[PDB]
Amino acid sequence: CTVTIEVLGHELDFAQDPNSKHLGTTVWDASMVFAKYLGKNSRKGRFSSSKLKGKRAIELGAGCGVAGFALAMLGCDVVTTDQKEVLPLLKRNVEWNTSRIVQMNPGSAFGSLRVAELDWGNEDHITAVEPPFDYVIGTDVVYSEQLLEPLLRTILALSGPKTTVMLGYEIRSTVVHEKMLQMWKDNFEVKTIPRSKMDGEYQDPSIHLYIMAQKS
């Protein structure tokens, strides 16, 4: 079971494990909406190559790894993380596609992409990936009320004053939605990226992209 997606004109292959009960063994639609958003906003602004020079990003709950891979393709250095059980598939997908795009574009310089274990809230895991990061990203990592606080605490622990948080999100329970929105509003300055910045094909009304700056 392997999904082939085009990102920045490159055909990538992401292995999946449907034999697994683990949520992260499947590619979720928010990661693809995030990757396609980057492809559309990488010519000018904060995701252009010159503006990403020297920037470091960390992906939380990367699963199969689509979102962090796209960001690394833009020239950002990226540490992609998940729990131990997901890491072998993540490591497989990173290394298989890294060798593909570099053989496809030998002269181009992509950002680095290294896999690390990070259980949300584990201070030892957080210290070990070497924060602070310029970007903290996550796609479809909000779904269960009990995971809101550990994710929040992790994002803050990896952040500094100038850190930007990018969140790909799919609305499910309205109760959880309202708790999540209030939480982000209590901790960040939140903006909701509009439909026009997302690709015409990779856009379902239920998928939202948030971009959040640290609070004053």
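Don't overthink the numbering: it's just position in the shown sequence, from 1.
Judged by mean Cα B factor in the deposited record, 185-193 ranks above the other of 58-66 and 185-193.
In this entry, 96-104 shows the higher mean Cα temperature factor of the pair 130-138 and 96-104. Highest CA B-factor among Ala116, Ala109, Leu74, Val78, as stated in the entry: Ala109. The entry lists a Cα temperature factor for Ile5 that places it in the highest third of the chain's modelled residues. Among the modelled residues of its chain, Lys162 has a C-alpha B-factor that falls in the lowest third according to the deposited record. Sorting the modelled residues of the chain by their CA temperature factor places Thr154 in the lowest third. Per the deposited record, the Cα B-factor of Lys53 falls in the lowest third when ranked against the other modelled residues of its chain. Ranked by C-alpha B-factor against the other modelled residues of its chain, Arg43 falls in the middle third.
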